[PDB]
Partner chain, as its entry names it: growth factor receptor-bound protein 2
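One chain comes next, on its own, written out as structure tokens in the form deposited without the partner chain.
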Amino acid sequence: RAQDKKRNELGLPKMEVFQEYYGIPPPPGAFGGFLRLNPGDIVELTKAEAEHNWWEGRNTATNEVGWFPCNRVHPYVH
């Protein structure tokens, strides 16, 4: 019951997952928990790096953040 109160789209990045990962494979070292990605889920770019082969994001479906490759996903709109 949080309609039009949790969904904020004002210049925030969005991407649509292409693969379906369910916590596997887990991220290397102590980076953080994994996020459930499904083909058709929009995720916002929380933290992106350049010298890192892993990136962090936040799924709007699970409302949680996790580590995953940027290539495994494709931008929803640009």
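Numbering follows the first chain given and starts at 1.
There is another form of this protein, the form solved in complex with the partner chain, and it is not shown here; the text below is about that form.
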item	value
Contact test in the deposited complex: residue 36 vs the partner chain, heavy atoms, 4.5 Å	no
Proximity of residue 40 to the partner chain in the deposited complex, heavy atoms at 4.5 Å	no
Partner proximity in the deposited complex: residue 70 to the partner chain, non-hydrogen atom cutoff 4.5 Å	yes
Partner contacts in the deposited complex for 60-76 (non-hydrogen atom within 4.5 angstroms of the partner chain)	70, 73, 74, 75, 76
